[PDB]
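Results of the structural survey
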Amino acid sequence: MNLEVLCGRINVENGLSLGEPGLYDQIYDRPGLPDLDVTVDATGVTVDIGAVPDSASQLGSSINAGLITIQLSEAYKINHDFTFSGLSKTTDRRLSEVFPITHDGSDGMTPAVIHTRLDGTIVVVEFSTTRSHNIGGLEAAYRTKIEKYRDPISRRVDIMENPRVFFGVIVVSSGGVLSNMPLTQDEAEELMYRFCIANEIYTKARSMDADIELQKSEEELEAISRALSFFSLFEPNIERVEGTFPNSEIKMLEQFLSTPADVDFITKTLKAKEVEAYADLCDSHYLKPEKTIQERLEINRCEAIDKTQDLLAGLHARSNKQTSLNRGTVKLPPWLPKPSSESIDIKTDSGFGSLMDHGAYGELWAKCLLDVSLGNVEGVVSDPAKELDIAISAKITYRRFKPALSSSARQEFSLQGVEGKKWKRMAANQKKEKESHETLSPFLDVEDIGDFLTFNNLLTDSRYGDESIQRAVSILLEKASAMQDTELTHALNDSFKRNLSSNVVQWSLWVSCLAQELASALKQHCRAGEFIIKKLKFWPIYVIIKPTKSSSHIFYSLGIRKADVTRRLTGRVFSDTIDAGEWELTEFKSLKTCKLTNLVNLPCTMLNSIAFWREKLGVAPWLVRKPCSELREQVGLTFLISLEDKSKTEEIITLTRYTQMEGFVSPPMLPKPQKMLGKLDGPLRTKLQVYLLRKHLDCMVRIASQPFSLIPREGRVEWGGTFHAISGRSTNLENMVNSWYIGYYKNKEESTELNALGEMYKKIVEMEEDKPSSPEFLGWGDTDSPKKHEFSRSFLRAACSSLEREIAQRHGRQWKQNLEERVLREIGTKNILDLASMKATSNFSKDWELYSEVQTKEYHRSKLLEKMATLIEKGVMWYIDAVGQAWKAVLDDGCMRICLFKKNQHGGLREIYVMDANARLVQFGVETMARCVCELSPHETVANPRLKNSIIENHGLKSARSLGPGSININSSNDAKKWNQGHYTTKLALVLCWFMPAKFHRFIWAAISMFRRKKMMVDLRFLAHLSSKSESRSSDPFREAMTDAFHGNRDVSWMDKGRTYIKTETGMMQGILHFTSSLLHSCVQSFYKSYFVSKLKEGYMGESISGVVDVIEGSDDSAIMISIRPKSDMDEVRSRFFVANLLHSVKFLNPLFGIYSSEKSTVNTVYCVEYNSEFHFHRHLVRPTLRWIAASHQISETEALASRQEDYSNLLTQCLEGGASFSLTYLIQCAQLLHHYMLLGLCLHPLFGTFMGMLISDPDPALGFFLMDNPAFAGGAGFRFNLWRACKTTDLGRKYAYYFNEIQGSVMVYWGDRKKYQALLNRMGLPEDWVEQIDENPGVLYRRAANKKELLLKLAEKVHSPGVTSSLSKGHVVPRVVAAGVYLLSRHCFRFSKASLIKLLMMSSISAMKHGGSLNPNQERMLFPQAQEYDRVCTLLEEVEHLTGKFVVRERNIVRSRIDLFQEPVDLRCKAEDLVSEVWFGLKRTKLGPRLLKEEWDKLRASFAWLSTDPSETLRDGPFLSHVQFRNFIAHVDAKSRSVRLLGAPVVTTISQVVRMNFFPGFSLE
RNA sequence: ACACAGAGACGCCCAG
RNA sequence: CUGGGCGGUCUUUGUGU
RNA sequence: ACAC
RNA sequence: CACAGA
Ligand SMILES: [Mg+2]
């Protein structure tokens, strides 16, 4: 630990060098903490020190024993003194010794230790310590130290003799170290250990006396005093709590904390559970008696075959037992008409008779065509002339007709649902309605799907390159890519245009246009017998539409002449059409609002799929080949999932992951993928579902027969024999892993019908009927064979003690006294305005409890800011002032008063719980306490987001350190089932009260007791229909149970008669107690870790195995990693058997804590582990790129045309950092461009040609023009970078220069006319002169509110914010946004800071002749603060502009790699908000002295020269009228750095290296 | 056609 | 069985990061 | 965008 | 004047 040795390995070159910083974790094991006795005297602070326990943990050599004194005047820096002693031997120096005198007042600063080497270099080191657990605090301290001295050093680096100076920073915390100096892990560990000692000393010293610390600010002192008074004076009426809520005796907590654990009971139970787990292992894995590996695999195959046949036979008995069907998976025709110019060519004039005698559809279509040919055509094709007139100078006219249909044709239509409510009592309708409820047989003949998936023609070229829609897209793309004109861009554009002419994309284009037509026509209405006829705009296809109500189905039938169908998609998966002579017709299918999204997004989805799988198979995006049939299978499967769009199919595909991860299990265990048949049964309703289930069962038996081969080709580990789960084709690991996520193409945002809420209610109440009768094992005593909800007190206390051990070992032996202070501070500092959010709250009370009184009323939810505004207007400012009344209200009730709804997710059947105001207020405090406690835990990853990347990676270094090279790693990924609903809440209350300072005990106990009488409100329409029918007659038991409970036949415990709600005592809810559940899981993991370590220490037969144990856990996911080191091949088998036994008993020990292990746990896999959808295959971290690629169209509604590109950029960056190469990301962006122009009206509006030809001359964002990125850096740089680079090459800054000098001498479209927002503002009653009031008192924008009026102004400003502006937007963004493409370029929709887009383009072009000058740098800074790094990066990317390179045999070492591409420039050291507030008001917000800040103030003056010390005079000089935008721009000017993390080989050279490598995998660009 | 181990939707409101 | 109306229409969006 |  | 910094 020597400063000379530290400095002797610094490669100083040229003048000042500022080497890149780096981070060190707490990787190595640390010994015990020595004894510390502290007595603080007026003479000084006297400390005695024991001795560090000597072991094979040499860490702790710098600590010496004996008595140490510290003076009282210097006792406020014990942390900084004691940590860095030993690196201090020659005192402190000034900026005068080795540096000259520049006569500026900066001569005199003392930078810790200044050292000059024998060569003559000068290296200055600076030290800092921080008590901040997150890495943000270390980053902040590092930055403030590196900005305190950089100017005084770069000032004198020019006077002296051609200097070579290095500036060094070392920042030390309890967690880690951030230093830009070279350093060793051991040096880091030593510094952190010393800091732990020093902080313990400081805490003990500051405890006894009270003058050691310096002065806390008045705001902090007030906050702590306020919270402490609240917790001293809070009395929650424990007698009433015991009377009201069940199992709420405080005696339970007292006895839990007083009675110790029963160690004899613990060890006896541990022996019993080990024996039971060993017996289960031998029985279920056929280990005894004495069979070989193939002889056991041959039995495993037989068992899997038996289970599969049993499941098939079970499902077949509940079907209609049919073996052939006539359904089709794709409900759309296979037509591929050639796109041509537009004219209504129906006048075949011979088809008007051949249609008339072909059936009901023939009659309908003949009537329609005859009426159109006789009559007018308005509505069928939109009129350009009148629309152009209205644009230059929104009810839309549609063509409606009433055919004279007969009763036979009407009945035949109604069989398909067209007007089937008035025909629902006939014979055929009732028969078909009964027959629609049956499920298919597992033995149905689905081979058309099997042939289609391999032998289609989806990827064939359609030869439709030179058509209208292709020409439009190509024109816009070339204009967008004109500025970055290079051979690279030309190659990628040519590849995209090749993919745009394939058969599937040509199909998806007209499918998407039809879906957009339906989305627009959803909101119309028709009378009885009315229909709507439409043409399809570049395609000769006619559609008849029957809308009902826009919240229900819409029916459509398609018609095309046979001469126009040039080509067809081949296959037998399509529904069959009607031949009517010269026409083809279709039989009235239907759609909904929620099922239109996939059809709108289909062309872009198919384009992305083609590009992605071509990249994954190794085909470069500039070569032309033939499809390899694996490409066909993957793309066809994507197609079929997208078009079918059903939850069951998505769920059958998703489960393949858990059956195929079972092939990584190593000996002595067998792969058992047959445990996933528990989730596989259920009703089958489509042929595609039958096919997928059969393929999945084949995959299961194949995996059970043979595991994945593990071969050491280099020392790195690679697996062989992998395959696609559905196709069965052999592949590699990455393609197999990505194949598990194909089901994510199904539309997540799915409408739930009222038919399917019983499943959610069933999942909620399935455990309540199981609650134990006696409360003995709910916290009082010990049991060894626990029931469903019970747990053992001794084991709970053992786990708590173990986690406390680890907490003390990391944070020192006074962690509780620091935790108390942190919790008091964070409770006292909060106000109501922090709570007031845009979030739903329940109105359910004791007025909606009786369905007799409810029927006429309609239940609605409110938003949280309404109730919070009520509180603020009452006279409540602080959260402490609100909890006291919220709890009293809750205790006056006896309920929790929840309402429910369903979540949209790619998972299962997740339900959502919504609370009310008082419940939210009470829960806030306990959640903040639990979060503060979880932030200390060293293996929890909810309060520590870096630990989910740190632990797994550092395990290898720790194992190498403690065992040497060549060690076997053995893992276990664990998942928990019924996580919520398995937890009784007394458990969480006890575990949280174990870790808290005993003044919070009563509040925590009373706050958590209220979860034991919940009342959840069911849906009123569901209740109406359930009350309509007295008897249930259903085969599912839950239906009749609910009916009889609500009507009073039987008695269940969760529903009363005539009520509107469901009661439940057991179980927490999903997400309400996130941190408490995480803390409990951390305690359990710590118990397992100590247990495994002790077991390894006393190995088999008494000999000791040497090993390393690592654990990690979140909320319900966890992982265990063990590394062993055996001596010989005889020892290896027995050590691995011992480890397998150790990892197998987790599922047997879990029930003791109230946790149940799921069937999705992959136990005993050697060189792999998965924790949170991240798959660590030895040294080949894999992510599923397909998950984020399938979500690159989920845009937001936005408000301005120029904020759509920001959303597209966010999605693109997600895709790139998910593991996509730059060329792939550029192709994804081409697809996003097509999506943007389609929502702007490409396939709807007739005037898009004129608008596009008039925009291609004036390429401006916010007039709809799309800006493309550079292919070499596709996703790295954002929209601001693209705008900056576009204003400097084409005529945009020219336009901006017109707009600038006209100011010195943005085209919003509203969606609802702000009706809901305006009504929300009307109920609040806020002052409308708030702008004037904050103009006359500006302290509200920088200083936290201090009275009711200022808090009112704070809220009033908050509720006019851009964030609050768009939150009343409901779901299904794509249909609602694409519906407005009908009235976009021709109606008065924009209010520029109303007119149509054509009109605004005309105004801008009329100003295009007065355009003057290009942009100037001084205000280029004002528009773009980061305008220097932009030029540096733009200049770096011009070396790569061609398509020359070589294919290299790729190395396989994949890791996250952070890239900083835009840094922070050299401005005033602080933030502008901080500095301005500091000078303008009395607020010590910035961290500089009194003589300081004058330099920063004068340097800030250079940018403006009008800014002054007075806010009032400052306001009247600048170009800003009001402080409300003054503050906005002050926050804006502080520029933000952009950083991106990547996937690739470990690594301004970084930018060039990633540009070279990650253009295409295995290709070295230039 | 959608939803569902048969709980729903297939238009609603007003005036005649 | 005639006429007139029906959109940011609610369903619908919880806790954390 | 991820989890619960 | 210069120090330390949840
Ligand atoms: Mg897991």
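Residues numbered from 1 in each chain as written, not as in the entry; some residues may be left out. Chains lettered and ligands numbered in written order. Heavy atoms only, no water.

Structure determination for this PDB entry is given in the record as cryo-EM, at a resolution of 2.98 Å.

**Description of the pairing of strand β25 (residues 1014-1017)**
Burial along β25 is two-sided: the face carrying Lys1014 and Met1016 and the face carrying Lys1015 and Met1017 are both buried. Bridging between strand β22 (residues 898-902) and β25 involves 2 bridges; their strand directions are parallel. Residue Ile898 lies in a different strand from β25, and its bridge partner there is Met1016. (Buried < 20%, exposed > 50% of the residue type's maximum accessible area, 1.4 Å probe, protein only. Helix = DSSP H or I, 4+ residues; strand = E, 2+ residues; numbered from the N terminus. Pairing = 2+ DSSP bridges.)

**Focus on the protein's contact with RNA strand B**
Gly417, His437, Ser552, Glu753 and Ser1034 are the nearest of the 42 residues found near RNA strand B. Interatomic distance of 2.7 Å between a backbone N/O atom of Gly417 and a sugar or linking oxygen of RNA strand B. Taking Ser436, its main chain carries an N or O atom lying 3.2 Å from a base nitrogen of RNA strand B. Listing elements by their share of the surface near RNA strand B, those giving two or more residues are α38 (1020-1028) and α39 (1037-1047). Ranked by residues supplied to the surface near RNA strand B, first place goes to α39 with 3 residues. Of the residues in the surface near RNA strand B, the class split is 8 nonpolar, 18 polar and 16 charged. (Near = heavy atom within 4 Å. Polar contact = N/O pair within 3.5 Å; in protein donor to acceptor, adjacent residues only side chain to side chain. Nonpolar A, V, L, I, M, F, W, Y, C, P; charged D, E, K, R; others polar.)

**Things to note about the packing of helix α44 (residues 1204-1217) against helix α45 (residues 1222-1239)**
Running from amino to carboxyl end, α44 crosses α45 at an angle of 150°, the nearest separation of the two axes being 10 Å. One finds that α44 runs roughly antiparallel with respect to α45. Helix-helix and strand crossings are classified by hand; for α44 and α45 the assignment is right-handed. Along the contact surface, α44 presents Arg1204, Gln1205, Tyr1208, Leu1211, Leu1212, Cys1215 and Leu1216, while α45 presents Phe1222, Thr1225, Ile1228, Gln1229, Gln1232, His1235, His1236 and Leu1239. Tallied by class, residues from the contact of α44 with α45 come to 8 nonpolar, 6 polar and 1 charged. (Axes fitted to C-alpha atoms, helices over the stretch in contact; angles between N-to-C directions. Parallel < 35°, antiparallel > 145°, perpendicular 65-115°, else oblique. Left-handed = near helix turned anticlockwise from the far one by under 90°. Contact = heavy atoms within 4.5 Å.)

**With respect to the UniProt feature "binding site: Mg(2+) 2" (unreviewed entry) in chain A**
Feature annotation in UniProt places "binding site: Mg(2+) 2" (unreviewed entry) on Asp975, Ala976 and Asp1116, given in this structure's numbering. A maximum C-alpha distance of 6.6 Å places the annotated residues, which cover 142 residues in sequence, within one compact spot. Along the chain, the position of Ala976 falls in strand β24 (residues 968-977). With sequence-adjacent residues up to four places away left out, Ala976 is seen in contact with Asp1116, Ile1155, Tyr1156 and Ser1158. According to the relative accessible area criterion, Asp1116 is partly exposed, its value standing at 30%. Once you skip the residues sitting within four places of it in the chain, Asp1116 turns out to touch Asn974, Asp975, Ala976, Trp979 and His1081. Of note is the side chain of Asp1116, whose polar atom sits 3.0 Å from the side chain of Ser1115. (UniProt positions renumbered as here; feature names shortened; annotations may be inferred.)

**A word on the nonpolar core**
Counting 198 residues, the largest nonpolar core has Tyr761 and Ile1004 as the members making the most contacts within it. Both of domain 3 (1188-1436) and domain 4 (1445-1557) provide at least three residues apiece to this core. Setting aside its immediate chain neighbours within four residues, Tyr761 contacts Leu900, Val1018, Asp1019, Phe1022, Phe1038, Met1042 and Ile1062. Judged by nonpolar contacts, the second largest core, of 173 residues, contains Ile469, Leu476, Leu1227 and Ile1551. (Core = buried A, V, L, I, M, F, W, Y, C linked by side-chain atoms within 4.5 Å. Domains from an automatic or database assignment.)

**A word on the protein's contact with RNA strand D**
Taken together, 13 residues lie near RNA strand D, and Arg910, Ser1115, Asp1116, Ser1173 and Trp1188 sit nearest. Near-protein atoms of RNA strand D (within 4 Å) split between backbone and bases, with sugar and phosphate holding 74%. A distance of 3.3 Å separates a phosphate oxygen of RNA strand D from a polar atom in the side chain of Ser1115. Per-class residue counts for the surface near RNA strand D are 2 nonpolar, 8 polar and 3 charged.

**Describing the packing of aromatic side chains**
For the structure on display, the rule yields 64 aromatic pairs. An angle of 85° between the planes, with centres 6.2 Å apart, marks the rings of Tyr149 and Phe167 as edge-to-face. Within this pair, whereas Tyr149 is found in the loop between α3 (135-148) and α4 (150-156), its partner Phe167 is found in strand β7 (residues 165-172), the two being separated by 18 residues in sequence. As far as burial versus exposure is concerned, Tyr149 and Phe167 are alike and both buried. Residues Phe1504 and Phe1529 carry aromatic rings whose centres are separated by 6.4 Å and whose planes lie at 80° to one another, so their mutual orientation is edge-to-face. With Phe1504 in helix α58 (residues 1494-1504) and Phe1529 in helix α60 (residues 1523-1533), the pair connects residues that are 25 residues apart, well separated along the chain. The two residues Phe1504 and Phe1529 agree in class, both being buried. Through a chain of ring-to-ring contacts, three or more aromatic side chains come together here, namely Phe265, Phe795, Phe1087, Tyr1088, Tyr1091, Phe1092 and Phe1153. Across from the ring centre of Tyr202, 5.9 Å away, lies the NZ or CZ of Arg206, which sits over that ring. Above the face of the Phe1148 ring, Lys1147 is positioned so that its terminal group lies 5.3 Å from the ring centre. (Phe/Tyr/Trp six-rings, centres within 6.5 Å; stacked < 30°, edge-to-face > 60°. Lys NZ or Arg CZ within 6 Å of the ring centre and 35° of its normal.)

**A look at the sheet that holds strand β26 (residues 1061-1064)**
With mixed pairing, the 4 strands of this open sheet are ordered in space as β23-β22-β25-β26. Strands at the two margins of the open sheet, each flanked by one partner only, are β23 (911-914) and β26. Across the sheet, the axes of successive neighbouring strands diverge by a mean angle of 35°, strand direction being ignored. The pairing of β25 with β26 spans 4 bridges and is classified as antiparallel. Opposite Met1017, over in β26, you have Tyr1061 as the bridge partner. Strands β22, β23, β25 and β26 of the sheet are contacted by helix α27 (residues 758-765), whose axis makes an angle of about 125° with β22.

**A look at the domain arrangement of chain A**
Considered domain by domain, chain A is made up of domain 1 (3-214), domain 2 (335-440 + 449-464 + 508-616), domain 3 (1188-1436) and domain 4 (1445-1557). A straight line from the C-alpha centre of domain 2 to that of domain 3 covers 36 Å. In this complex, domain 2 contributes 31 residues to the contact, which on the side of domain 3 involves 33 residues. The largest per-residue losses of area from domain 2 upon contact with domain 3 belong to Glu387, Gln516 and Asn608, which jointly make up 19% of the total buried on that side. For the pair domain 2 and domain 3, the interface holds 0 salt bridges. On the surface where domain 2 and domain 3 come into contact, there are 5 residue pairs in polar contact. Among the secondary structure elements, those contributing two or more residues to the side of domain 2 that touches domain 3 are α13 (384-392), α19 (503-521), α20 (597-600) and α21 (602-616). Per element, the largest residue contribution to the side of domain 2 that touches domain 3 is 7 residues, and it comes from α21. Partitioning the side of domain 2 that touches domain 3 into residue classes produces 17 nonpolar, 9 polar and 5 charged. (Buried area = accessible area lost by both parts, 1.4 Å probe. Salt bridge = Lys/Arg side-chain N within 4 Å of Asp/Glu carboxyl O.)

**Remarks on the coordination of the magnesium ion**
Protein coordination of the magnesium ion is provided by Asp975 (OD) and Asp1117 (OD), with donor distances spanning 2.0 Å. Taken as a pair, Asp975 in strand β24 and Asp1117 in strand β28 (residues 1117-1124) lie far apart in primary sequence, 142 residues in all. With respect to class, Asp975 is no different from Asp1117; both count as buried. (Donors = N, O, S within 2.8 Å, 3.2 Å for Na, K, Ca; no water.)

**A look at a nonpolar patch on the surface**
A surface patch of nonpolar side chains, amounting to about 220 Å² of accessible area, comprises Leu388, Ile392 and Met1402. Relative to the helices and strands, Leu388 resides in helix α13. (Patch = residues over 30% accessible without salt bridge, like charges linked within 9 Å, V, L, I, M, F, W, Y side chains within 5 Å. Areas by Shrake-Rupley, 256 points an atom, 1.4 Å probe, with all protein chains shown as cover.)

**What about a negative patch on the surface?**
Taken together, the side chains of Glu1328, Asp1329, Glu1332 and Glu1336 define an acidic patch exposed on the protein surface. Relative to the helices and strands, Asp1329 resides in the loop between α49 (1315-1324) and α50 (1330-1336). (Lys, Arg positive; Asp, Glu negative; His and termini not counted. Charge placed at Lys NZ, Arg CZ, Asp CG, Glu CD.)

**A look at helix α5 (residues 185-208)**
For α5, which comprises 24 residues, the first-to-last C-alpha distance of 36 Å matches the rise-based estimate of 34 Å (1.5 Å per residue) to within 8%. Among the 24 residues of α5, 20 are classified as buried, and the element is accordingly described as predominantly covered. At the N-terminal boundary of α5, the capping side chain belongs to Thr184, with an oxygen 3.1 Å from the backbone nitrogen of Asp186. (Expected span 1.5 Å × (residues − 1).)

**Points about the pairing of strand β13 (residues 554-561)**
Of all 8 residues that make up β13, 7 are buried, and the element is covered over most of its length. As paired strands, strand β12 (residues 542-547) and β13 are joined by 6 bridges and run antiparallel to one another. Counted as the bridge partner of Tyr542 is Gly559 from β13. Where β12 folds back onto β13 in an antiparallel hairpin, the turn is made up of 6 residues, including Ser550, whose phi is positive at roughly 70°. Pairing of β13 with strand β17 (residues 589-591) involves 3 bridges; the strand directions are antiparallel.

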